[PDB]
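Taking it in order: structure first as structure tokens, then the write-up.
Order of the sequence lines sets the chain letters (A, B, ...), proteins ahead of strands, with each chain counted from 1. The analysis underlying the following values was restricted to heavy atoms, covering all of them including side chains, and did not include hydrogens, waters or symmetry mates.
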Amino acid sequence: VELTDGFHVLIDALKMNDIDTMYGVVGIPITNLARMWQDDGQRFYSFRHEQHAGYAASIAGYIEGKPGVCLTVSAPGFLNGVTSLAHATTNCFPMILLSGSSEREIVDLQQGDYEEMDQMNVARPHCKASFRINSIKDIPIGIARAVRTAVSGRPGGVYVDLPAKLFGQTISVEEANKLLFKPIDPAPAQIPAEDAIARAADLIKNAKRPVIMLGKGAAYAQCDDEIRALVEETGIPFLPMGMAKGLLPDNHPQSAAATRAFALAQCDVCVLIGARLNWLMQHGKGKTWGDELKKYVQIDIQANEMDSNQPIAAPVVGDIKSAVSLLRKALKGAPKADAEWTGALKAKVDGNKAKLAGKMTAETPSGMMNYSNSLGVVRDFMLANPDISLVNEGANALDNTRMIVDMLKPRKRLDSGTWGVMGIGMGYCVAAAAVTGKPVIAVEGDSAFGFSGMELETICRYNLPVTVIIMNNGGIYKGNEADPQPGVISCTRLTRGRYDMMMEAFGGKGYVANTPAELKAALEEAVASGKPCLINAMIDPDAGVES
Amino acid sequence: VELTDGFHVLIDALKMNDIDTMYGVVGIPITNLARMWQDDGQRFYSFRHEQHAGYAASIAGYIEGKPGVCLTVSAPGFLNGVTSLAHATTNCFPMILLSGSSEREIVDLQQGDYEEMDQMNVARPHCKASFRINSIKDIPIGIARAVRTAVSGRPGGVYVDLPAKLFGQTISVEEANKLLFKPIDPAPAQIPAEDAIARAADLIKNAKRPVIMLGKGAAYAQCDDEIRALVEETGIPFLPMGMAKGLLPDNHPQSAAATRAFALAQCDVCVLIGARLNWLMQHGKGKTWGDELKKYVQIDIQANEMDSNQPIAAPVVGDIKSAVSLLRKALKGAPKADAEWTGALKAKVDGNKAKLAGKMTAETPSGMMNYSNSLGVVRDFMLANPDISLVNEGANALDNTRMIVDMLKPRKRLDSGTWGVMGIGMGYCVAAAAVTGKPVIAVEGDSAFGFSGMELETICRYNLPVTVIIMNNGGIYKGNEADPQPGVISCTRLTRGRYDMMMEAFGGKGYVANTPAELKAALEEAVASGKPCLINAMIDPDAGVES
Amino acid sequence: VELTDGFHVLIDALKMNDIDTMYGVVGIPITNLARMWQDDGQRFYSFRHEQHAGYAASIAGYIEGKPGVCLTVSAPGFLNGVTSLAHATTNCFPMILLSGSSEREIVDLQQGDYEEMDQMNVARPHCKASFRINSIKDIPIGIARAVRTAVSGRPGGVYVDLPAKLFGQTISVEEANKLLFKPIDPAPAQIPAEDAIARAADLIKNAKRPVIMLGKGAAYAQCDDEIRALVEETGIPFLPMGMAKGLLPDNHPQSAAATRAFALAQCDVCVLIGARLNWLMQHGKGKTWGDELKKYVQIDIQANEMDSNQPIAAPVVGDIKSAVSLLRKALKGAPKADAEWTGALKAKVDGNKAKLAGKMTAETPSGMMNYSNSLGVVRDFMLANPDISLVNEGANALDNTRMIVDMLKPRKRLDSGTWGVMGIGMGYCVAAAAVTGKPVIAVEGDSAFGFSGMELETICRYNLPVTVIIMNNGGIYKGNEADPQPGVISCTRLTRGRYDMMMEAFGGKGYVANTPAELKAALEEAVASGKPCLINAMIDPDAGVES
Ligand SMILES: Nc1ncnc2c1ncn2[C@@H]1O[C@H](COP(=O)(O)OP(=O)(O)O)[C@@H](O)[C@H]1O
Ligand SMILES: Nc1ncnc2c1ncn2[C@@H]1O[C@H](COP(=O)(O)OP(=O)(O)O)[C@@H](O)[C@H]1O
Ligand SMILES: Nc1ncnc2c1ncn2[C@@H]1O[C@H](COP(=O)(O)OP(=O)(O)O)[C@@H](O)[C@H]1O
Ligand SMILES: Cc1ncc(Cc2csc(CCOP(=O)(O)OP(=O)(O)O)c2C)c(N)n1
Ligand SMILES: Cc1ncc(Cc2csc(CCOP(=O)(O)OP(=O)(O)O)c2C)c(N)n1
Ligand SMILES: Cc1ncc(Cc2csc(CCOP(=O)(O)OP(=O)(O)O)c2C)c(N)n1
Ligand SMILES: [Mg+2]
Ligand SMILES: [Mg+2]
Ligand SMILES: [Mg+2]
């Protein structure tokens, strides 16, 4: 009677759930899992820190709509990875953190085992569900639970604890076959009732100055044609959130993005589609919303997200595709949004875009570029070459890139997210490049970048087509804050370093861009090469604002 | 009537408790605390990731015996820091993590605040106590509690939550000066009963083959002369744990370190001074202890550490200085350890040191050094220059450096610790340099180094006298593992990179060392320069072992 | 080769740690543990709800100074018991909650096992340490850890999770003998340094108007002669906290209890001995302390209790016996406290006691007694018969009994404690009677009593010499609050019921007392009988105050 072991049953269970990639860092007790994963023909990305392996898993989950999988070791390794897990859960990104753990007997009596921690219990606040698979016969069920919990309802992070003793357990191949199974429909459709849709339809029809807010929940739903048909048929102005950019092209004629404050402040009805009324929307109150209570339509899969901040007139609970599909039929043949309202917002968009175009064309000293004329180059490149992932984080480097770099394609812009995390950059680059098989451009603030900068070597080792643009202004916000005391450097200062040399240290290609023309020629060559590159864009230290 | 604010009451409260240094990363809502700390004339070290600012804080606590203070932002920055607090708590290092947090009203209803998290609750498993100062009037009491919890009993990490709204509250200077106070005797002496000492004296006096195990709790106590006087007066051979190296000079004639296996297996009485019978001691059982229950004497400030793993025949609960002083007087004038026991171990030690000296002088090809002849250079240098901090982490780079590099001075060796953390290196380097005012050498595994390597820029930015030695063997354990499939790199491989170039990129000095002679010249020149350096030591990819 | 099993190894380990009593409620999976405990000759008290079995365990711990042991079942049973555990931890009472739990495999995958819960993790905030014993070979060590954690440092609650699969495991009797052991010195003495004692001695010597506050930490320490010698030699007025009553007799001439507010408000030095500066001491501020900062001496075993509320001038950290013993020698031959100060407080005590004596002698209608003339009877009885435990809880029934019923003997008064728990009554009665083997009187508020009233049957079933006096005023605070609406009873009303009938329902003796003479004759007969009794004392519904 032939046997298989815990390593292989786990490998098999994972593949049966359509996982072919893991991002992690090896060591006791999980190194042979990673090796056997690779021997079997599946792929494993080894990082330099588990946090970044974890941010990679998280964004692979957003892009693909199946859980990104992170593999770590016990205690300190697990902790690093659980920080990324927390991030996924907050952003609604499906992810599974697999971590090796130590001996139950010793850990439960707190005796001081190798890398001792109840990792299952410390994971709890940072994930939807935290499980432990103790027995080889329970791996198929455990992985099914983890995948279902990650992708169903509101997607998010799940932790699966893999005690060291799990892997060496044996069981007959005949029994293993009998236990291995594929979950039916792990991310089911959830459809709203007629009267929920009808209440929303009547709000929108009687709106005088409506608006549609698209969030990354809408972008994640992968129903781009449905969402676009709703916008185009209703005639309603729309606004995308940071990662909702590209769902409809950012230069779509119904986009009120360039006149956002005016549109939010002046609307009567606001349709939230896969967008929370959280801090990124000023909680639906204050000066951004005209100091009044709007009448909201909200489409979300989480029922208790409704009324979380402001009362919602028309709550529609269900998956966005189902809900939008039904709303479109309820609104069929109704009048389009008021020409006076839509034309007024278009006039503000054109006037604001002309104002921005002047900034981008302006001239600056060599090596002292500003955020406008530097990011104008990236904008032009991205309009001509839209099938490229855009990774973005920082302060001035984020806000200006979101404003300037138009996305024409959905789920391409990958940014700091709901928590404004600095640290997501290089991990996002590795994952985006692994799952798309297409180029990646990153626009990194120099402070932002240093949270994950050592992963430059990971990008080189896997020869990925990623181009990292460092907005090297020499600091957090600004690069010129005076010494507080004689001989003491200010806390916001960073070395205006040769990040291009760092990239070349690990086999990558380095550029220094002192002018827009130099940034353009470097970017065009980098992306064309298909090789790991870094462009050190030299930005005026005083160009940024703090706020 | 004149007023002060939360910022300054916190600065004054910290200063009153003898804090003059913080390690952190700035941003909302805590940047202006960092600035005013510097304005007032105290020092702030800005890092590239909060985890490494936290590892610095942790080892500053070990070295000085007063809490290392780390300052982070809310949610994601807090999470990064709290991973280091965990480490502090596990290693018994006094540390305070100060983090800004968001708005109470919004976080408590989970509405989606900027960087939303119950950071106070999330910290609880990773610290001794988790507090929050909500009001200006409680800052001095709050900081007093933090410093007492951190340094008293078993020392460890404390989290203090600093809601954004705390800093802008105002109070009169006269009221604030009445509230501000310095705690009396925050880490008190705790003296054991006479019969506790008598029970231990009895076991030692009747031992045939006694051994003293010194742990890093003994080193932390800073009573090096007392511990040395106990060892010399009794004539008992001793064994240092990883960071107890140098407490007594590693070349002391009574050291049994080079014959640890034999000494532990054959002893009858084992005297634990500030050392746990945890995984680093194989839990007081198995082959390493000759498959028998030794008679244990244990000195520890934590009462319930006794009988955690094995029954302790002579528990002595109290601070190590107090206990050792009493034990010495209790053993005064008694005969020394058996000369055939201490002679047997000395013969083993000399024979084992002879075998290692043979390896350290062996010859290897250019760019293909092994761990003996490369680290033999570091050994010779540290014998000549002992007033230098030795930071160390990795697998082969750790085990071989702990074995080969003799520490003649206490609290100089700073390594991975109880959790075997990869990531402590560059943070430890910064704190060590800061608190000692003297040179630091780091012997880093190349995998190890990648967990904090971006902090090279921090080391350069503060112009610290730190020399980083990368044991560049091309991977985890080894750098030569075959491609598991055509064109697919193995998971344990790293780029054999130019880490020297990376250092040069931020204004440091980079060296490549292909031979022991090149490593020696470069190490001597680097330490003597007083400047940030990195030596890329080229190790044979097949040199290291795995299991 | 002869075998033993998990049940017996646990029984043996428990007895070796000097436990002979358990309080609990049986059922799956722990009923045979309770039976075998009894078969072996040890005693088991079965309650009607685990909470009250738990309050019994907690107070057995206070009285004896070794952990009270509660035995419960999984999920809902455990939860009930953990509520008592939390109470023990808050009051610093040594206690161990043993709970059966379900199958690891099923619970860790949250599949819906019988009584599913991670009881080890939900215990965490309510105890000092929460452990789980998975393996038969680890029971001796697990029980040692639990006992050491309960009684060492600051005493408190420990949870030990006993998975169902533990009990049926086998091991050789030869190996069981080898693993069973008795912890050496689980509650060690901890002695303070000379200079800590000397700083306190100098504060007390230079005090103009000193005072000693004795708390239940001092009463728990069982060093009654030491504490009394300190008071009598220094000549310092003293004040006892609720359960510190009787440590010195309440009518001791140096007691300033009857003039408490004046003494706290007018002192310059305050010596806290085993007493926290918490809500029961108004946090050392406000009108009770003259709106000024006192200079404090505090003796406590928990080092970080110091400066928790107010700055402490003379912190003495150590066990009370050790600390008081040393302080007494430092103060030897020094002048006694000022006659003008001690005589002034005595004059207020006498005048206040005369004022109280008039209230107690006053006449009331039959069936409408007040708190003074009713509790005056209990007072007289307790002076004549002091070797009786006094259990007490309620609002008016607590405050008036603490004021009126003088305790002449230590650790006899057992009350609501730090949390002001209603619910501790009948459990306290069962435990007090089990551990003392002497009579118990309970003074219960009628609302208070109903939290544990069904345990009257437990008291009868074990034929315990307990007399429950219900202060039957017909409500919470007052028994006469008008109906808020027509036909609706007010929320503070209770049925003025025949609690004497309820007692007789289970074989006990019932009395109704309508007058002081009737209460006196019933109490004298009840206590003389040595049988379970209840006196239904009919109190005027309008006699109480709410505040
Ligand atoms: N397929 C889906 N159907 C419905 N709602 C979804 C779906 N996927 C995600 N969501 C919801 O979308 C929301 C995403 O909001 P958020 O992350 O704040 O986006 P943004 O920051 O772009 O506004 C979440 O509330 C989540 O529950
Ligand atoms: N001042 C002190 N006096 C006595 N014991 C101490 C003191 N400081 C720390 N300890 C104890 O020392 C121990 C440290 O042991 P550990 O971290 O395992 O060292 P190692 O890993 O070197 O064996 C802890 O159990 C801690 O309670
Ligand atoms: N043997 C002991 N030695 C020193 N301190 C003790 C001892 N036992 C208990 N304590 C301390 O006594 C205190 C009890 O305070 P508390 O329960 O508030 O008493 P009270 O309510 O009567 O003031 C706790 O802080 C506890 O740490
Ligand atoms: C994990 C974490 N730690 C700190 C912070 C706080 C922060 C917000 S923005 C920022 C850096 C801004 O500087 P950058 O150079 O990137 O951008 P620029 O203005 O163009 O110069 C930090 C540190 C966050 N958000 N997350
Ligand atoms: C936070 C964390 N993540 C992973 C790990 C697991 C590990 C233990 S040792 C090691 C690296 C070994 O390679 P290195 O190059 O440093 O040493 P060597 O080539 O043999 O000289 C890892 C990743 C740990 N301990 N902590
Ligand atoms: C577990 C719990 N739940 C509620 C409460 C709140 C409370 C405080 S006092 C009290 C009852 C007071 O009435 P009683 O009849 O006992 O006394 P008297 O004035 O003489 O009529 C309650 C319910 C507490 N403390 N604990
Ligand atoms: Mg910057
Ligand atoms: Mg290596
Ligand atoms: Mg009542």
Side-chain angles (χ1 to χ4, degrees), chain A residues 19-24 43-49 51-70 84 87-88 91-95 155 216 219-220 222 224 242-247 378 381-382 385-394 397-398 401-402 405 407-417 421-444 448-449 451-453 455-470 503 508 523 526-535:
Chain A
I19 311 313
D20 60 29
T21 306
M22 293 206 282
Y23 306 94
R43 77 195 174 171
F44 191 89
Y45 296 94
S46 287
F47 283 72
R48 308 299 295 269
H49 189 292
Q51 181 169 74
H52 308 307
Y55 289 136
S58 78
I59 212 72
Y62 171 71
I63 298 162
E64 296 192 301
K66 64 169 169 181
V69 179
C70 184
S84 313
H87 161 81
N91 285 277
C92 306
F93 291 169
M95 177 181 166
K216 65 176 190 288
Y220 170 89
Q222 302 204 205
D224 307 329
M243 292 184 54
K245 285 172 70 70
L247 179 44
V378 180
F381 192 82
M382 283 301 288
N385 303 101
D387 207 20
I388 298 174
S389 290
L390 194 90
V391 175
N392 187 214
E393 54 171 348
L398 176 77
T401 302
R402 182 179 44 244
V405 180
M407 308 304 294
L408 305 180
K409 274 188 141 61
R411 297 167 295 283
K412 296 300 187 183
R413 180 178 162 85
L414 315 166
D415 73 11
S416 297
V421 173
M422 302 308 113
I424 63 67
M426 300 302 101
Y428 278 20
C429 289
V430 176
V435 312
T436 68
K438 287 172 184 166
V440 184
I441 295 165
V443 184
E444 295 290 311
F449 166 83
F451 285 82
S452 59
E455 302 304 329
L456 237 39
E457 188 272 338
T458 307
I459 293 166
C460 292
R461 172 155 40 87
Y462 293 111
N463 204 53
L464 297 174
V466 182
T467 305
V468 181
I469 304 173
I470 307 292
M503 184 56 130
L523 183 55
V527 177
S529 77
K531 289 197 184 311
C533 296
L534 187 153
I535 302 175

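- Using modelled atom types, one side-chain atom of A:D415 and one backbone atom of A:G417 make a donor-acceptor pair closer than 3.5 Å.
- For A:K216, there are no salt bridge (charged side-chain N to carboxylate O under 4.0 Å, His left out) partners at least two apart in sequence or on another chain.
- In the model, A:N392 has no side-chain atom that pairs as donor or acceptor with a side-chain atom of A:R402 under 3.5 Å.
- Looking at residues two or more places apart in sequence or on another chain, you find a side chain to side chain contact (heavy atoms under 4.5 Å, CB included) between A:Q222 and A:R411.
- Residues passing the ring-ring contact (aromatic ring centres under 6.0 Å, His included) test with A:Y462, sequence neighbours excluded: A:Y45.
- To the nearest 0.5 Å, atoms CE (A:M426) and NE2 (A:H52) are separated by 9.5 Å.
- Remark: A:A433 engages A:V440, A:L464, A:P465, A:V466 in a side chain to side chain contact (heavy atoms under 4.5 Å, CB included) (not counting sequence neighbours).
- With sequence neighbours excluded, no residue forms a side-chain hydrogen bond (donor to acceptor under 3.5 Å, both in side chains) with A:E393.
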Task: CA sep, side-chain torsions, deciding dist, call: A:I441, A:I469, side-chain contact (heavy atoms from CB on, under 4.5 Å) - done: CA-CA 7 Å; A:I441 295 165; A:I469 304 173; 3.8 Å; yes

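- With sequence neighbours left out, A:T436 forms a side-chain hydrogen bond (donor to acceptor under 3.5 Å, both in side chains) with no residue at all.
- Under a 3.5 Å cut-off, the side chain of A:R413 and the backbone N or O of A:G242 do form a donor-acceptor pair.
- In this structure, the separation between NZ on A:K245 and CG on A:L390 is 9.0 Å, given to the nearest 0.5 Å.
- Put simply, OG on A:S452 and CD1 on A:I424 are 7.0 Å apart, with the number rounded to the nearest 0.5 Å.
- For the salt bridge (charged side-chain N to carboxylate O under 4.0 Å, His left out) test, residues two or more places apart in sequence or in another chain that qualify with A:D387 are A:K412, A:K438.
- With sequence neighbours excluded, the residues that form a salt bridge (charged side-chain N to carboxylate O under 4.0 Å, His left out) with A:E457 are A:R48, A:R461.
- Under the side chain to side chain contact (heavy atoms under 4.5 Å, CB included) criterion, A:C460 pairs with A:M503, A:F506, A:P532, not counting sequence neighbours.
- Annotation for A:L414 and A:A432: closest pair CD1-CB, 3.8 Å, computed over non-hydrogen atoms.
- Of the inter-residue distances, the one linking A:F44 atom CZ with A:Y23 atom OH reads 11.0 Å to the nearest 0.5 angstrom.
- Partners of A:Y428 under the side-chain hydrogen bond (donor to acceptor under 3.5 Å, both in side chains) rule, at least two apart in sequence or in another chain, are A:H87.
- The CD atom of A:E64 lies 11.5 Å from the CD1 atom of A:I59; values are rounded to the nearest 0.5 Å.
- Between A:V391 and A:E444 there is a side-chain heavy-atom pair separated by less than 4.5 Å.
- A:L456 CG to A:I470 CD1: the interatomic distance, rounded to the nearest 0.5 Å, is 7.0 Å.
- For A:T467, the side chain to side chain contact (heavy atoms under 4.5 Å, CB included) test picks out A:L523, A:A526, A:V527, A:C533, A:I535, with sequence neighbours left out.
- For the ring-ring contact (aromatic ring centres under 6.0 Å, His included) test, no residue two or more places apart in sequence or in another chain qualifies with A:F47.
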